[PDB]
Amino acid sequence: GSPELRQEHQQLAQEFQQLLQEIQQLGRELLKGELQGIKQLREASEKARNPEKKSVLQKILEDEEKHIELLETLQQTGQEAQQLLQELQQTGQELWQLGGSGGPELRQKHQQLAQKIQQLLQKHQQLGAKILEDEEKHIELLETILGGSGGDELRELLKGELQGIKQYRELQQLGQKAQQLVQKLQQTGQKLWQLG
């Protein structure tokens, strides 16, 4: 009955909290990697004399600098989602006590926070997808200038960039699970009200 539902809603919300934390942490790790990659890039780009290599490295550098801002915006929306979660927690625990009693505004509020969190999650996924895509384009660009012999520093850059991709992917994967939890929270939630 609702008792198992209330338990399930509660468990999902807890999972969601653990995951969100886990994601914030991975995104700070990504930011450190981006900043480290940029440092290696700008040295390589400055040291380059071959014009083809130089122009390529410059395009990748420029784009990598832009990822920093995208990541900051991602971090902020992350931290916003944690704040909405706090209010879901607080409002939720009052609904626990109140049930369906009184006017609907508290139930509405809970429901709207869940809506906003869902929207932040999508924005999050879209920003992430934009970073990943351009990061894969940079792998491609590096490959165009690693023909033949040499490029030992270019290979270090390729390697750090591939490692960044791995981390980005790990993170899109956690966010997918987060959006899935939120779906489930909405489904179990609605059922709590329907059964009421």
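We number the residues from 1 along the sequence you see.
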| query | finding |
| --- | --- |
| Residue range whose averaged C-alpha B-factor is higher in the record, 123-131 or 143-151 | 143-151 |
| Criterion, highest CA B-factor; candidates, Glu43, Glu161, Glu170, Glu65 | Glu170 |
| CA B-factor ranking of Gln86, expressed as a third of its chain | lowest |
| Position of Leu185 among the chain's modelled residues by C-alpha B-factor, lowest, middle or highest third | lowest |
| Position of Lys47 among the chain's modelled residues by C-alpha B-factor, lowest, middle or highest third | highest |
| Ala13 by Cα B-factor - lowest, middle or highest third of the modelled chain | lowest |
| B-factor third for the C-alpha atom of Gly92 within its chain | middle |
